[PDB]
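Chains as they are written, first to last, in this note's numbering: chain A, 3 to 160; chain B, 869 to 927; chain C, 195 to 457; chain D, 152 to 357.
A short write-up of the structure that comes next.
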Amino acid sequence: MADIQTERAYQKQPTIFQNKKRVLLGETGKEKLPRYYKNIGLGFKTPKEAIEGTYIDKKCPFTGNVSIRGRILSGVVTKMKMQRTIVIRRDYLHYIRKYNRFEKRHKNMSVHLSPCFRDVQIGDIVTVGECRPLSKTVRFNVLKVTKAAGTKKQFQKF
Amino acid sequence: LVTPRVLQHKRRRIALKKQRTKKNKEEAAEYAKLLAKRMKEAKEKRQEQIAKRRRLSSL
Amino acid sequence: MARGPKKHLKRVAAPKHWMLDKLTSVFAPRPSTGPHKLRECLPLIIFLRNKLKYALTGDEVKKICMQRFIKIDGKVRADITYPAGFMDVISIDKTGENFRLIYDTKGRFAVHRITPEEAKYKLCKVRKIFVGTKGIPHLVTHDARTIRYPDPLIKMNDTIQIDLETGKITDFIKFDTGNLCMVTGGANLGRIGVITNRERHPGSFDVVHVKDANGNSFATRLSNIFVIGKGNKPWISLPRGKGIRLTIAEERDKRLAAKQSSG
Amino acid sequence: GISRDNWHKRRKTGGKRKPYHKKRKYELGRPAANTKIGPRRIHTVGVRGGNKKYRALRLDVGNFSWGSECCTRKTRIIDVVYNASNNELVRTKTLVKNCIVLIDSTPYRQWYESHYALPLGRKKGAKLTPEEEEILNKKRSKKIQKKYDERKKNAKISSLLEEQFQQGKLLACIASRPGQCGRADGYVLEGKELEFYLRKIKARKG
RNA sequence: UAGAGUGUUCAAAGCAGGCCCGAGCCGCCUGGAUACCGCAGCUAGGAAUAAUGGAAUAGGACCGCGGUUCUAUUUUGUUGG
RNA sequence: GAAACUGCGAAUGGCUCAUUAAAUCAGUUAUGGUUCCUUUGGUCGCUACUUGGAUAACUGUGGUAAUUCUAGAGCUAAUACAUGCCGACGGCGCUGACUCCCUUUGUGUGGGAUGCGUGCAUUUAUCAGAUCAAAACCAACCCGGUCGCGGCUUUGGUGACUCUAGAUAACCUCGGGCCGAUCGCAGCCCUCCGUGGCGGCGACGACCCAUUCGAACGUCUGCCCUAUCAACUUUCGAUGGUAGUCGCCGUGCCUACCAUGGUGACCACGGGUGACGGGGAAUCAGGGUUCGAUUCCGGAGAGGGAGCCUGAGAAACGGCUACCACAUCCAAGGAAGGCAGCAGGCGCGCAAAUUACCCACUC
Ligand SMILES: [Mg+2]
Ligand SMILES: [Mg+2]
Ligand SMILES: [Mg+2]
Ligand SMILES: [Mg+2]
Ligand SMILES: [Mg+2]
Ligand SMILES: [Mg+2]
Ligand SMILES: [Mg+2]
Ligand SMILES: [Mg+2]
Ligand SMILES: [Mg+2]
Ligand SMILES: [Mg+2]
Ligand SMILES: [Mg+2]
Ligand SMILES: [Mg+2]
Ligand SMILES: [Mg+2]
Ligand SMILES: [Mg+2]
Ligand SMILES: [Mg+2]
Ligand SMILES: [Mg+2]
Ligand SMILES: [Mg+2]
Ligand SMILES: [Mg+2]
Ligand SMILES: [Mg+2]
Ligand SMILES: [Mg+2]
Ligand SMILES: [Mg+2]
Ligand SMILES: [Mg+2]
Ligand SMILES: [Mg+2]
Ligand SMILES: [Mg+2]
Ligand SMILES: [Mg+2]
Ligand SMILES: [Mg+2]
Ligand SMILES: [Mg+2]
Ligand SMILES: [Mg+2]
Ligand SMILES: [Mg+2]
Ligand SMILES: [Mg+2]
Ligand SMILES: [Mg+2]
Ligand SMILES: [Mg+2]
Ligand SMILES: [Mg+2]
Ligand SMILES: [Mg+2]
Ligand SMILES: [Mg+2]
Ligand SMILES: [Mg+2]
Ligand SMILES: [Mg+2]
Ligand SMILES: [Mg+2]
Ligand SMILES: [Mg+2]
Ligand SMILES: [Mg+2]
Ligand SMILES: [Mg+2]
Ligand SMILES: [Mg+2]
Ligand SMILES: [Mg+2]
Ligand SMILES: [Mg+2]
Ligand SMILES: [Mg+2]
Ligand SMILES: [Mg+2]
């Protein structure tokens, strides 16, 4: 938490400064670091974890530098092995019109999951939005996790 | 060679700058008057608001 | 290849509301770059020989325009493919007549002569608002004009009545529920009615309703509404039949009763 | 030439794609600048739409700033010490963004002295006597506490910083791409970045 | 493409054309519709049929209360304790 | 008014369908992640009555078999090329010798000469970007007025900005940003006799902002046949993270370190296509089957591959350079070339028109 710099370069939030004035607090005090966060719009409440937390991710939509714009989609999680990003699945039904019948199809998508959400499990539903291309194959950031369908995360005393 | 023509041209070329300064001063002054006037209605609305707060705070 | 901008326009691909024929020849005038979009404009060449019949071939238009007779918003335009458009006020001094480009209710421009004490002001629709250097507020209208120092209550989607010798906006109508409006896009093109509603879907194409003088209602997109009146009282003059868009079962009856087969 | 096209490289599934066209001009590459240290040598290139673009080779001076004191002064650049991406740029002294450099730190001393009327990292009291003390103590009586007490309770230059001036070389970080703006600007290390990079330099090299 | 109007001399076509004074009208009327445009995306009503979910070692609502904790910046005119 | 320098255009148009199967293309959306000749509207004030040297056409002498080959000498222009003023600064901030009253001082006063910076734009760093629900004691204190009480506060915009505007400290591209050493019609006042002065209308150029015509990259869904193609992908970047290089901007686009990932029976990956995609065409009770090189829209290519100059725009071939394959001229030293534009010819084949006329119509 206080140790977050592991790479070969210092990690800090830009648009944030460390003043060096008024040294008298007494036996402890402020961590000496405020936090930068912003709102997303469209009705999405920023997670309190993003505010109170202490982490660095230039791509996290709630603190870092990305804008959400265009399509909004949702899908169920299917893999999280790459770091800070996950793999989700979307199932739909194509329509063959010779016959009058549907046929099942799916498509996998890589999205980027900030460390704000921490308790995601394979099977969770997640609502994601559209960003600028953040990597070769990543165009979508996670906006809101949920386990609201059956076989839920925790047992029925919530 | 400096004929009367080229002197006329320079005279006009600076005359235009003079006119532009004239226009800037006039426009700035007028808009400032109007904007300040708008501020008055703004504050009068604000004061009729805090005057109305003295009513619905009742009973 | 395409490696740069194109400069010809094929006759079939041209806009439909120009009402061009099919068998003259392969090209169409291709309006030159201007203040009005390429699909929404009406070049000056198409207004003088396909509508007013003043000229007959392209060269006659070129030698009508060269003599400095035609005025588009006071100024004297010499380019025959100049893109005139909605709210522009052509003036032909040598004859003493004036016109206003407004959509007729079938969704196309039509000739609309106006009184010369009216062709001194035109309406514009506000598109942008920004604060320039040193703190000066600006304005951008639908025909690219830039007004410096506008009143601090005029906002987007509003309408402003300017003068053609000064700019310097005079009046302004504010977009809200109850004012008149003319519609300038899509299916409902050239209809008039009170705005009566506006829904707002954040981030995508807010929708607007309208209501004619005969109960007929018809939604549209907000970026296609153009306020032309404070309420029930259009400021600028209107074409005959006033945007009422009668159905074909009515258009037939009027055609039959008037028996407009001659004069 | 060299190019930055997407289409030359394979897709998610691991399958190749066959070439779709000849290399366009808007996919253009051009070679690295590799700014060294020395007397100025700035070239220019013409980029898409006129728009001169100044490539920099062999720079020497930088407009570095001191965030706490709001000072900023054109300063000589002495050396490069640590590079956070590849290490063989410090062995060849190439000067790119987010490098770490030693600068001369003299104009900051001059500003601090003349503003706070106090001495920074000094060695003795012999050299300060023949000159420059005529600036530290003055004619003034009115002014000399009317303002210089406003400059007291504030001259508390950090220990990590104060220990640097005694050699006259300051750690700084570049914040500008020299190869695209021709300039090599940045800021001077404060606070916790200082401890970070002190640890890193002492750790890797030597 | 389907479809409306219009004697190209009829038709295929085309988007035209129609009226009266001999010229002395220095003209007038009117058209250049409409329907279709699968899927996918957008928008608001309906809730039959088909998926899907809520509390079983519980937790729903009434300002019901005690313990404990972080913290917001207003007023007491402002500024600071 | 020939020629010639200068500017602009030559990147549109025309032709063909070899390539190419999530590619191209269609509908749908996004640039808050970029560039934009031109047009339209804004913007244009921190030797000067006018500077410099040097070229073409033209005169004259030439070389080679040969080319839209060019050398030497003698002249001379600019909106080419290259320098560089005048006006009108009376600006304010920081500096502070001083001096002026009450408190010596400190702290409460007001001026203040002397000095540095003081237009827009570029690059880095910082600051602020307000109002929220009320009370009680301490110090200085505005105001209603006096020797301890009631009463007050400040651009614009978005669904959303590390937006727009503002302040501070600096920085500056020179030979490598801007603020007119240019041109044509029509006139006037003179403490007055052609100078000092000032009044109109345009052409041109130009910084940045917007607008226009675009262009570029990106999101969702959509494809013919094949299992006698079942596993593919990776330090020769394959999926991701951190920092940079580069680029018009987003991005393994590329480099360094790190992790071991990504795709597949919902057909991945490989192979074939007499496959350029679509608007559409033929037949058609209802459902369908087959076709789409071909006049509209999108893409791609000028014998095959590759590299680049100039420009706002080209990886351009009616542009240049080199290799491969062809082919022409020769005095054997050298030079020159690209009809899948319009006609025309050979070849190929079952298979396809004249080496005509004209800018009058559309542009
Ligand atoms: Mg072309
Ligand atoms: Mg090409
Ligand atoms: Mg044109
Ligand atoms: Mg440019
Ligand atoms: Mg038909
Ligand atoms: Mg017919
Ligand atoms: Mg179709
Ligand atoms: Mg649909
Ligand atoms: Mg519904
Ligand atoms: Mg409980
Ligand atoms: Mg020439
Ligand atoms: Mg050109
Ligand atoms: Mg190809
Ligand atoms: Mg294939
Ligand atoms: Mg293949
Ligand atoms: Mg696709
Ligand atoms: Mg499209
Ligand atoms: Mg697309
Ligand atoms: Mg031009
Ligand atoms: Mg202009
Ligand atoms: Mg000579
Ligand atoms: Mg990375
Ligand atoms: Mg990067
Ligand atoms: Mg594997
Ligand atoms: Mg696997
Ligand atoms: Mg394949
Ligand atoms: Mg086909
Ligand atoms: Mg083929
Ligand atoms: Mg059928
Ligand atoms: Mg085709
Ligand atoms: Mg073929
Ligand atoms: Mg053909
Ligand atoms: Mg084509
Ligand atoms: Mg397109
Ligand atoms: Mg050939
Ligand atoms: Mg050019
Ligand atoms: Mg080429
Ligand atoms: Mg060509
Ligand atoms: Mg050539
Ligand atoms: Mg050659
Ligand atoms: Mg050719
Ligand atoms: Mg031929
Ligand atoms: Mg034969
Ligand atoms: Mg035949
Ligand atoms: Mg034959
Ligand atoms: Mg012609």
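The beta-carbon is built from N, C-alpha and C at its ideal position, and this holds for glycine as well.
| Item | Value |
| --- | --- |
| So, with DSSP's three-state summary, where would you put C:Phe241? | helix |
| According to DSSP, is C:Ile348 helix, strand or coil? | coil |
| Measuring CB to CB, does A:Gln20 end up less than 8 Å from A:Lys34? | yes |
| Beta carbon of C:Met195: closer than 7 Å to some heavy atom of ligand 2? | yes |
| Tell me whether D:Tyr348 is buried or exposed, calling it buried when 16 or more other Cβ atoms sit within 10 Å of its Cβ. | buried |
| Shortest alpha-carbon distance to residue 138 of chain C belongs to which of C:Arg321, C:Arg294 and C:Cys318? | Here chain C covers residues 195 to 457 and nothing more, so residue 138 of chain C does not appear. |
| Interface residues of chain C around A:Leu44 at Cβ under 8 Å? | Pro396 and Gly397 |
| Nearest to D:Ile228 by CA position, among D:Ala354, D:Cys324 and D:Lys351, is which residue? | D:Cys324 |
| Check each residue's C-beta against every heavy atom of ligand 4 and list, in chain order, those closer than 5 Å. | D:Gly200 and D:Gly201 |
| Within 8 Å of any Cβ in chain A, is that where the Cβ of D:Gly272 sits? | no |
| Could you tell me which residues DSSP pairs with A:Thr129 in its beta bridges? | A:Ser76 and A:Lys146 |
| With 9 Å as the limit, tell me which residues of the region 4-17 of chain A have their beta carbon closer than that to any beta carbon of chain D; keep them in chain order. | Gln7, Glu9, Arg10, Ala11, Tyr12 and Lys14 |
| Count the other CB atoms within 10 Å of the CB of A:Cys62; is the residue buried (16 or more) or exposed (fewer)? | buried |
| Would D:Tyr233 be called buried (16 or more neighbouring beta carbons within 10 Å of its own) or exposed? | buried |
| Can you list, in chain order, the residues of its chain whose CB lies under 8 Å from that of D:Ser327, leaving out five sequence neighbours each side? | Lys248, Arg334, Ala335, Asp336 and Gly337 |
| Enumerate, from N- to C-terminal direction, the unbroken beta strand (DSSP E) stretches of 3 or more residues contained entirely within the region 249-286 of chain D. | 250-254 |
| Taking 8 Å as the threshold (beta carbon to beta carbon), is A:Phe19 in contact with chain D? | yes |
| In angstroms with no decimal places, state the Cα-to-Cα distance between C:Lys316 and C:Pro344. | 17 Å |
| From the DSSP output, in three-state form, read off A:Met111 for me. | strand |
| Let me make sure I understand the geometry here. Which of A:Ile70, A:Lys32 and A:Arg37 has the alpha-carbon closest to that of A:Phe46? | A:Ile70 |
| With respect to the alpha helix (DSSP H) encompassing D:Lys353, which residues constitute its N-terminal and C-terminal limits? | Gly342 to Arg355 |
| In angstroms with no decimal places, state the Cα-to-Cα distance between C:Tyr248 and A:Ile74. | 55 Å |
| Check distances from the C-beta atoms of the region 320-346 of chain C to those of chain B and list, in chain order, the residues that come in under 8 Å. | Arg342, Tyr343, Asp345 and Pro346 |
| Which two residues bound the contiguous beta strand (DSSP E) that contains D:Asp230? | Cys222 to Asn234 |
| With DSSP run on the structure shown, which of helix, strand or coil describes D:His194? | strand |
| When you compare only the Cα positions, how much space is there between D:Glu264 and D:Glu341? | 19 Å |
| Could you have a look at A:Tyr57 and say whether DSSP puts it in helix, strand or coil? | coil |
| What does D:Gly213 pair with, by DSSP beta-bridge criteria? | D:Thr226 |
| Should A:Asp59 go down as buried or exposed, given a rule of 16 or more other Cβ atoms within 10 Å for buried? | buried |
| Which runs of the alpha helix (DSSP H), 4 residues or longer, sit entirely within the region 13-67 of chain A? | 50-54 |
| Can you give the beta carbon distance from A:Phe119 to A:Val147, rounded, assuming they're within the 8 Å contact cut? | 5 Å |
| Hey, quick one: how far does the beta strand (DSSP E) through B:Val874 stretch, first residue to last? | Here B:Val874 belongs to no beta strand (DSSP E); instead the alpha helix (DSSP H) covers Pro872 to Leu924. |
| Going along the chain, which residues of the region 874-908 of chain B sit with their C-beta nearer than 7 Å to a C-beta in chain C? | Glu895, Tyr899, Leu902, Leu903 and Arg906 |
| Reducing DSSP to helix, strand and coil, say where C:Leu416 ends up. | helix |
| Just the Cα atoms here: how many angstroms apart are B:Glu898 and C:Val402? | 37 Å |
| So, helix, strand or coil for C:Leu358, using DSSP? | coil |
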